[PDB]
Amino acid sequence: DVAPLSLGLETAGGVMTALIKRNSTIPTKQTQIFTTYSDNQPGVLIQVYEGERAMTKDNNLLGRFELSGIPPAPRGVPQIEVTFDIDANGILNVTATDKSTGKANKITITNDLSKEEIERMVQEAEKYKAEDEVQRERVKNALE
């Protein structure tokens, strides 16, 4: 019925950027536009995470994929359309599309987390909220 944890990707500096918030009713789909952190960046590495912590290293890695062939441009210029989709079965599909070329790549996360594991993660996020925000502040929608 609901997404037990927020689902997002890593933005520059290892920042957790959530596309689907914890407790969102499913099926659900959210889209955000991202960009490159470096000049003439030829690709973006999409790193899929689940959890409530501000930094991705403190959340659970679900999977990674690369989107290559980004045409040369200054940092912050390319437009990468990222869509997180949860179907009726609770399965997550993540797609990244380069708006200039139309090139897309995707990953489907399979469940081949218990109530206590989810509760531990939510509680830990509440306990370390300040340390987490300090780390986030020092390091917007740019991807590496």
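Each residue number is its position in the shown sequence, starting from 1.
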- Query: Unmodelled deposited residues between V2 and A3: none, 1 to 3, 4 to 9, or 10 or more?
  - Reply: none
- Task: Going by the record, give me the number of deposited-sequence residues missing between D112 and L113 as none, 1 to 3, 4 to 9, or 10 or more.
- Result: 1 to 3
- Given the B-factors recorded for C-alpha atoms, which segment has the greater mean, 43 to 51 or 72 to 80? 72 to 80
- With B-factors read from the PDB entry, the higher C-alpha mean of 63 to 71 and 86 to 94 is in 86 to 94
- Query: Highest CA temperature factor in the entry: which of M16, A12, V134, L19?
  - Reply: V134
- Query: From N105, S100, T56, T31, which pick has the Cα B-factor that tops the rest in the entry?
  - Reply: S100
- Message: Please place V139 in the lowest, middle or highest third of its chain according to the CA B-factor in the PDB entry.
- Response: highest
